[PDB]
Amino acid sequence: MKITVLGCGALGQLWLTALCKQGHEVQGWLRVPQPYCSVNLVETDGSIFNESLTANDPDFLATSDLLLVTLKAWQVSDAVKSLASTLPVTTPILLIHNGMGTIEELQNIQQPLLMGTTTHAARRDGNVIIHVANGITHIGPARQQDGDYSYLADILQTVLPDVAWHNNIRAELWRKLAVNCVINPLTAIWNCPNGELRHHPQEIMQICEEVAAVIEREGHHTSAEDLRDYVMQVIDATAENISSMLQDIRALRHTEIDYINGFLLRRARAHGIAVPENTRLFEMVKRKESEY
């Protein structure tokens, strides 16, 4: 299959590598055009894939069977809209990122729009990407109009196992969002590893009470206790890690906060829910951001 991968960062190079290894015809797409896309990825078995791949070829884009989008949330919707007039109107667009609210920005996309999440881990070390952990990728329809593109899960399962189609991808994304609304801003504000959050059960539960209220009203049934329990399992699993948001703060990069607690705020507003703690996290990270 012919794929354009938008984003040639860690996740993009993971997908580009896996795709090349199965003989799919690929290119990269870079927001800041460069003559080619550098892929330099060390697999779980220590093998190296180091390859310069085509980038930003509009004819390749125009005949691609899939646009696979691996940008950070705040980069996604502008980049996708800028390509959508070139991409054939039947060609699916699959977004994989953390955070939510890009779909709300892509309502007028005429292409099938899909969203995805994965538990693969790919970490940048220098100019090298390391495939740290294998995992599971779930994809499904982004909006109610988007139909059955499960064939894409069947193809991608042979590229980067495991992949499954989930019509209720949106419920899964909300549950991930709930965890992200806790771990990311608290770690970024407190400049601590994820496991330190254990010591703030009151603040966690309060964030979870707020998120559960919003999720409930969005039509997905959940509990503050269920979200808290999932937050603690994720914290337990990543106790020593430095969060992506804290890494962003430490490196003086723009964060994903507008698509994490920011998105929660926009959805809370729309349902008349008061979210005082999420608001504080959001404003605090925004303050930290505009010191650099």
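Throughout, we count residues from 1 along the sequence that is shown.
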Next on the checklist: Going by the mean C-alpha B-factor recorded in the entry, which is higher: 6-14 or 271-279?
Outcome noted: 271-279
Checklist entry - So which stretch wins on mean C-alpha B-factor, 20-28 or 280-288? => result 280-288
Item to check | Criterion, highest CA B-factor; candidates, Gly135, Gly101, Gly195, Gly140 | outcome: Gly135
Next on the checklist: Quiz for you: based on the deposited Cα B-factor, which of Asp229, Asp65, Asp57, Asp258 is highest?
Outcome noted: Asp229
Checklist entry - According to the PDB entry, is the CA B factor of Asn50 in the bottom, middle or top third of its chain, that is, lowest, middle or highest? => result highest
Next on the checklist: Based on the deposited C-alpha B factors for this chain, I'd like to know if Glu105 is in the lowest, middle or highest third.
Outcome noted: lowest
Checklist entry - What third of the chain, by the recorded C-alpha B-factor, contains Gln144? => result middle
Checklist outcome for this item: Here the Cα B-factor of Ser243, set against its chain, lands in the third termed middle
Checklist outcome for this item: The third of the chain into which the C-alpha temperature factor of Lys81 falls is the lowest
